Structures are given as structure tokens and as C-alpha cells.
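Scroll down for the structure; my scribbles are underneath it.
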Amino acid sequence: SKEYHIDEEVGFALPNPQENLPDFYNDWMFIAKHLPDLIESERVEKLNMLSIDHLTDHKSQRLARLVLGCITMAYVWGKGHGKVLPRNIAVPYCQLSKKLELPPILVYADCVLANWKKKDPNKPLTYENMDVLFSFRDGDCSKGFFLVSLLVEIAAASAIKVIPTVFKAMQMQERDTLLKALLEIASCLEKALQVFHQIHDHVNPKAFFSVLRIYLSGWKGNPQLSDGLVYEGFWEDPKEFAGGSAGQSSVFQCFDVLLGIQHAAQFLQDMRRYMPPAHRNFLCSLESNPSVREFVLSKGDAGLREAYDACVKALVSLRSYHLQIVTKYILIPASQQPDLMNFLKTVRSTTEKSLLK
Amino acid sequence: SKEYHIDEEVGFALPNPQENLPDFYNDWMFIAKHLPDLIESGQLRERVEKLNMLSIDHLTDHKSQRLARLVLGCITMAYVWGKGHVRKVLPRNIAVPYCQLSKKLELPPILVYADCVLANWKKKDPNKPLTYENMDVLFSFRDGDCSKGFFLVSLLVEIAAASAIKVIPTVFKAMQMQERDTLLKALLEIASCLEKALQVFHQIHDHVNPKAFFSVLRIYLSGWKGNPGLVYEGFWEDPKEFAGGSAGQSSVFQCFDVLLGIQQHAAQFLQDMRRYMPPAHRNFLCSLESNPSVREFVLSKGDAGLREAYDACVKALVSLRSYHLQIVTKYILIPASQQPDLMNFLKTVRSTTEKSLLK
Ligand SMILES: CC(C)CN(c1ccc(-n2cccc2C(=O)O)cc1NC(=O)Nc1ccc(Cl)cc1F)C1CCCCC1
Ligand SMILES: CC(C)CN(c1ccc(-n2cccc2C(=O)O)cc1NC(=O)Nc1ccc(Cl)cc1F)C1CCCCC1
């Protein structure tokens, strides 16, 4: 559906992202494409300031934001062992973030949604035929963690395209249409769970926790940048922004809203700001529609209740397996080097309490 | 509109709010309607504690549920604050129905602008118009609190603003259709209506007394988020923080900012205030942000008339925010300097409005 930038094949992800920028931005593209070699070894501070006026289409500006976002995270965090962004990169990065109405920091819509290519376009969207555009460090497992995340967004697209059928069937008092629409969403959410199983085959817990997780960290409520980060020449004062979480996906928040599932309440709302404007306009168009919960309860129909519940159950399954992934990839590795669980459990609890029975 | 519950006459306010609940809720209605007498005699907190737990299942329409929230909200503020000289636990037999009724209406369990302004008025004679002389409130806290004046004058500003809100589709349609003469008239009509809202502000001086406001009424509008939380017995085992009433709970304040492209620590506060607004009204301010920028449209065009009409709106907003500040001065600053960061926030918002002028 065109106005909201939801793709029929990949949903919220960006279809066929640009891989190359105009020559004018070669200095950017060289740094971003060589980050593994370049981190172990100043070029950002010796970098001239480029105008953003030569980024003319949407995909170019998304790729440019991805390039500048990966550069910024690597400059701030370095080698990842232990506060001011140079004017000549921050001014174009903040200008390009302002234009696209996103915060000047690496966000899920950059390094997942806009950070993939097909290897051969004549074949389908599977891990074996897919790759990422940018990494941080050799062995960071960027490829696996980004692509498996993206394959979940694609699986979710199968359900999102069913979403006009739900509201049309409510308007037209069509009980049999709405039931099939809910079961199809439920079935697609159940197939998304099977993708989650793929993380184990492409992402290594240690590599994730001690390498990749430092470069997705932001600077809002971070003790290393207690006052935040200074974007030299744009604000004289340092500014806080969060870094990447699963909460920046629209997938997670989208089906809460649809199914009428209502401190963590605060966090998912702010995460929407870190989403593309079209996608936030979509989640709002959703909240303006009649409650699927009020509709299914008001009918007294037990078939409809089971289908609504089929959706809610598929979400609880996902949130449990999510939780189990956090156990393998954060809790256990943290107990090996010499409040995230509370947030996830609370969100899971609110979902489970939304069953009808 | 329709889906957003914006009325052509009163805008964001609730039209013709219910005044009476079903008999089943007489025990509630007695306390709320007699809060002045029951606080002054020391019988308020006893009447709340001798209260059986009532099901909310007999509140069947919207207006009934809005009135019940107002009744329970006024009771809660009086129970928490007492004689204004407090209670850390709200008794289960009122908190459970109040929290249940808040969940249904998707509002926080505390008295909010949509309760004691938007849903808390009646006409004296319906055959005559909406003026202070023909209007009254449903609930007060204390004899002499000047609740009537402060609530109704607050609401009369919301009503003046409604005249402009219904123009808001004309603005977006006229941009889409490249109709330059239509869009100009739409801004001037909004500006003129924003200018009439300023004339309502003048009425506060005739119906609200500064001392009465600061030392009485302001105690019963105090919340418990960042207040030097409250336990809702039987609903949460843990105490919960929620803010009390501010002018920020109006949609009026944010609505014309969004239209005009006015970008409003304080960015966070106006954003959090939206939760204390009705869900339909939160969907409207959000549906607004999804529309094209009126600022970017007027600027790309070389037409100076359009700039002056956009500025006419922005200027009318700056006028209101200056006079706002002067009202804050009379009703807080001076009485506080007589007893033995809101000013920073208000000036900042004025600066952001003023800095959005085109000239
Ligand atoms: C698609 C999402 C909703 C579910 N997944 C997921 C599950 C658990 C975790 N997780 C592990 C430890 C802590 C967390 C957490 O914080 O939740 C993270 C994610 N996903 C991201 O972190 N995505 C992401 C965010 C920001 C930036 Cl910048 C880049 C990114 F790639 C996919 C699903 C299938 C298995 C692979 C991961
Ligand atoms: C409606 C807004 C945009 C402008 N006004 C306004 C101006 C200054 C102040 N003020 C004074 C001292 C501190 C403050 C402050 O904190 O701003 C308050 C209000 N208005 C409310 O506070 N309304 C209200 C809110 C919450 C609850 Cl619960 C109940 C209520 F009645 C009206 C407009 C009509 C002329 C009288 C004032």
C-alpha cells in the first residue's frame, strides 16, 4: 500500500536497496566499506565536509544514512575497549537525518531494512542468496544477525498485507471473512517463529555479545557518554539518542496495535520516533481504526474468539523464543566476561493477559 | 472527522455531558456532589472508606463512563489530599472500579483535563448559547475554590478553538488541489479564531481569584508523579506515579502547533501529555502529523499574502502564549511570593513559536 511504504514482498523493509552512491561521496563509501581493516588501524577527522544536495532519490539518502551511521558508530566506539563528533561529518549527517525525519544515529531502518542485497535476483529471498552491505569487524557476525532479523521482517510482511481485510470485514459485518483473515495472520506469525530458529546457525553468542553489541550501542542513558554526544556545529550542547533495539522494528509494535494489546509503555512509543515517518504514519493509521478486540468480544462468536486468540498465542510464542534468545546471547555470555529481562517479560505478560478464552 | 470525536460546536470538548448516573451509583454521586461539605466537616475520608465495591458493568454508553470517571476522579483527589494540610493508599472499593473504568476509556487513573473541563459542564437553559452566564460546572472541591470560573473559562477557550479546528481539512485539501485563494482564507479564518480565543482569556480575571486558586484549587489538581506514588489497593500491588492537571492536557495547545509546523526536555513533556488525552484525540494529533507540512508549502511559493496569513496564525499563537505567561504570573508567582521550572518552559515554548515566524 503505496502511501505507507509497505512492500508486498518485504513489508517494512526497503526493497532492492541501492548499493552504490554517486562518485561525489566516494570518500564516505570507501571508509564504510573497509571498517574491519580501518578500525584495527583519524581519517574521519581529516575528512572534508560534503554537501548532501547530490542525494536526489530516497534509496540514495537511505544508503547515505547507512554509510554515515556505520561510520559514526565506529568513530564513537572505536575498537570497543574503552564524546565529540567532528563537524565535517556531523553537519551533513544531521542535515540528512533532519530531511528523513530520523535521529542522527544508527537505527534498525538503516542497518537491517536498508542494508541487504540479493546475490542473484533471479532466485528467492533466502539467507544463501542474501548478503549485507556493511560490517564493522571481522567475525562480528553482522551478516547473520542482520539478515536473520530481516528475514523475520519479510515473514511478517505476509501477515501485514492481510490487514485491510480485517477492517473491511469488520465494516461490512462479514464474520466469515474476518475469521479467515485472523487465521491467516496467525499462521504467518507462526511461520515467523520458525525463522527465529535460524539465528543459532548464523550468529555465535560470544561474537555477538563482545563485538557486535558494542557498535549497536547508543548514547542515551549511557555512562560512557553521561551527558550525551556533541554534534559539533549543529548543537553546541550534547544530545542523547538511543541505539538499536528490537523495539525499533515496526513488526513488534504493529501486531500489538492490531490485536488491541495495550515504564515499558513509554519505551515502545519513543522507539516509533526512530522508525521511518511512513511506518509511523502506518502504525497511527492502525490505532485510528476500530478495535478488533471490541469487535470479537461483542459478537459472542466462539470461532472468532479462537482465531483472535490464535494470533495472540502466536505472539506469546514469539516473545518466549525472543526471551530464550536473550538468554543464550546476553545473560549467559555476560556471566563469562570477568534490566533487559524485566522489559521483555513485562511485554510478554501484557500479551498473555490479552487472551479471550 | 467523525472517527476522532470532534464536535462542530465544541471541538474537543464532550457535547451535552451526562449529569446523572444510574441509581445503582447513588453512593458515588452523593460523595462527588457534596465534596465541599464533606471535606470541611471531616467526613469525606470516612464516607469513602465505608463504600462497597460497585461493578462498572452498568455504565453502558460513553457519556455515562465519562461522567463516572469524573465522579471517581473528584472523589480520589479529595481522598488523597483531604483538607489540604494526605493518603498514600486508595481504598480497593473505589480504586478497582476507577482503574477498571480508566482501562476501558484508555486514560490514566487520575483526574484529567478531559474529566473536569471537557466533561464537567452543563447549560442552564439549552435554548440559549454557550456563555459563562448560561453555563455551570457539575463538580467542585471546596466552597470558594473558584472551580466554576476556572473550569468553565478553560472550557470556553476550548470552544473558541473549535471554530478553527473544523477548518483544518480545508487547509490540507487546498494544498493538495493547488488552490491558493482557498488556503489563504483558511489560515485567516483560523487566525481570527485564535484571536477570539485570546478574548476568552480576559474572562479569568472576573471569575477566578488568584489567592483562591493558588491555595485551594491547585491542591486538588496535584498529582503524584515527581511529587515530594499512590497505591491503588487491589489493582496493583505496587504504587504508581501519574501527573495531575496541566494546561498541557488540552489538545488545543498541540493541535495548532502541528498544523503550523511548530516543533515542540519540553519536547518530552508535551509528548507525554498526549497519553492523558482521550484516545480519539490522540489519534487526531497523530493523524495530523501524517499530513504534509503547511510550513514547507507556504515557503516554497513566492506569494507574500500566504506568508502573512501563516504569520497571522503564528502571531495569534504567540499572543496567546504571552498572555498565558501573564496569567501564570498573576495566579502563581505573586501568591507564592506572599506565602511565608514552569516559567522556563513557558518562555521556551513562546520562543519556539516566535522563531517560526516568516516575516
Ligand atoms: C526482528 C526482531 C524484532 C526479532 N529478533 C531479535 C531477537 C532477539 C534480540 N536480542 C538478543 C539479545 C537482546 C536482544 C534484544 O534487544 O531484543 C534481538 C533481535 N533483533 C535485533 O536486535 N535487531 C536489530 C536492532 C537494532 C539494530 Cl541497530 C540492528 C538489529 F539487527 C530477530 C528475530 C529472529 C532471530 C534473530 C533476531
Ligand atoms: C487551556 C489552556 C491552554 C490555557 N489556560 C491556562 C493558562 C494558565 C494556567 N496556569 C495558571 C497557573 C499555572 C498554570 C498552568 O499550569 O499552565 C492554566 C490554564 N488552564 C488550565 O489549567 N486548565 C485545566 C488543566 C487541567 C485541569 Cl485538571 C483542569 C483545568 F481547568 C486557560 C485558558 C482559559 C483562560 C484561563 C486559563
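The table below lists the values:
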| read-out | value |
| --- | --- |
| Among the candidates B:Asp7, B:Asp37, residue that is of a type outside the set (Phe, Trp, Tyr) and either more than 29 Å from A:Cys284 (Cβ to Cβ) or not assigned by CATH to the domain that holds B:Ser215 (or both) | B:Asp37 |
| Residues being away from chain A (no Cβ under 14 Å), buried (at least 16 other Cβ atoms within 10 Å of the Cβ) and not β-branched (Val, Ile, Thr) - total across region B:1-26 | 9 |
| Tally of residues being within 14 Å of chain A (Cβ to nearest Cβ) and either in contact with a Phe, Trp or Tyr (Cβ under 6 Å, 6 or more places away or on another chain) or within 16 Å of ligand 1 (Cβ to nearest atom) (or both) across region B:214-239 | 1 |
| Hits in region B:80-107 (condition: within 14 Å of another protein chain (Cβ to nearest Cβ) and either outside any loop (DSSP other than H, G, I, E, B) or among the β-branched types (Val, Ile, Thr) (or both)) | B:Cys99, B:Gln100, B:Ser102, B:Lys103, B:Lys104, B:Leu105 |
| Qualifying residue in region B:213-232 (condition: touching a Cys at 6+ places or on another chain (Cβ under 6 Å) and within 16 Å of B:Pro108 (Cβ to Cβ)) | yes |
| Residue within region B:304-315 that is surrounded by fewer than 16 Cβ atoms within 10 Å (Cβ to Cβ) and within 26 Å of B:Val171 (Cβ to Cβ) present | yes |
| Residues satisfying the stated conditions in region B:195-227, i.e. within 11 Å of ligand 2 (Cβ to nearest atom) and within 30 Å of B:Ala309 (Cα to Cα) | B:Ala197, B:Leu198, B:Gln199, B:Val200, B:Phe201, B:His202, B:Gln203, B:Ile204 |
| Candidate set: region B:108-137, residues that are within 22 Å of B:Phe30 (Cβ to Cβ), in contact with a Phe, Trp or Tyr (Cβ under 7 Å, 6 or more places away or on another chain) and aliphatic (A, V, I, L, M); chosen: the one nearest to the other protein chains (Cβ to nearest Cβ) | B:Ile110 |
| Inter-residue pairs, beta-carbon under 9 Å, first away from chain B (no Cβ under 14 Å) and more than 20 Å from A:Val211 (Cα to Cα) and in region A:143-154, second outside any helix (DSSP H, G or I) and within 16 Å of ligand 2 (Cβ to nearest atom), 6+ apart | none |
| Exclusive hit being assigned to a loop (DSSP other than H, G, I, E, B), among the aromatic types (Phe, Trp, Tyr) and more than 16 Å from ligand 2 (Cβ to nearest atom), set A:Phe136, A:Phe167, A:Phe146 | A:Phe136 |
| Which listed residue, of A:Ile185, A:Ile154, is more than 16 Å from ligand 1 (Cβ to nearest atom), crowded, with 16+ Cβ neighbours inside 10 Å and not assigned by CATH to the domain that holds A:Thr72 | A:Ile185 |
| Options B:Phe297, B:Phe284: the member that is more than 16 Å from ligand 2 (Cβ to nearest atom), assigned by CATH to the domain that holds B:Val157 and farther than 20 Å from A:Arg280 by Cα | B:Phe297 |
| So A:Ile39, is it touching a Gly at 6+ places or on another chain (Cβ under 9 Å), assigned to a helix (DSSP H, G or I) and not charged (D, E, K, R) | yes |
| Residue ranges of helices (runs of 4 or more DSSP H) in region B:268-350 with at least 3 members away from chain A (no Cβ under 12 Å) | B:294-300, B:304-328 |
| Residues located in region A:338-348, provided they are closer than 11 Å to A:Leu315 by Cα and either polar (S, T, N, Q) or within 16 Å of ligand 2 (Cβ to nearest atom) (or both) | none |
| Inter-residue pairs, beta-carbon under 7 Å, first under 14 Å from B:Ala164 (Cβ atoms) and in region B:248-266, second within 13 Å of ligand 2 (Cβ to nearest atom) and of a type in the set (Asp, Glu), 6+ apart | B:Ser250/B:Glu158; B:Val252/B:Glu158 |
| Conditions (1) within 25 Å of the chain's Cα centre (by Cα); (2) surrounded by 16 or more Cβ atoms within 10 Å (Cβ to Cβ); number of the one not met by B:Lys83 | (2) |
| Selected residue (criterion: surrounded by the fewest Cβ atoms within 10 Å (Cβ to Cβ)) from residues of region A:157-166 that are away from ligand 1 (no atom under 14 Å from the Cβ) and among the hydrophobic types (A, V, I, L, M, F, W, C) | A:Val162 |
| Residue check, A:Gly260 farther than 30 Å from A:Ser217 by Cβ, part of a loop (DSSP other than H, G, I, E, B) and not hydrophobic (A, V, I, L, M, F, W, C) | yes |
| Residue within region A:69-79 that is outside the structural domain of A:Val10 (by CATH), among the polar types (S, T, N, Q) and assigned to a loop (DSSP other than H, G, I, E, B) present | no |
| Residue in region B:240-257 that is surrounded by the fewest Cβ atoms within 10 Å (Cβ to Cβ), counting only those that are within 14 Å of chain A (Cβ to nearest Cβ) and assigned to a loop (DSSP other than H, G, I, E, B) | B:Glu241 |
| Pair list, Cβ < 8 Å and 6+ apart or interchain, from region A:105-117 residues that are assigned by CATH to the domain that holds A:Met275 to residues that are within 16 Å of ligand 2 (Cβ to nearest atom) | none |
| Subset tally (residues that are of a type in the set (S, T, N, Q) and surrounded by 19 or more Cβ atoms within 10 Å (Cβ to Cβ)) for region B:86-118 | 1 |
| For A:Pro276: the one exception among (1) over 28 Å from B:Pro108 (Cα atoms); (2) exposed (fewer than 14 other Cβ atoms within 10 Å of the Cβ) | (2) |
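FYI the Cβ positions are ideal-geometry reconstructions off the backbone, even for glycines, and counts take in every protein chain you see. The values are calculated or read from the model by the stated rules, or taken from the named source; no laboratory read-out is quoted.
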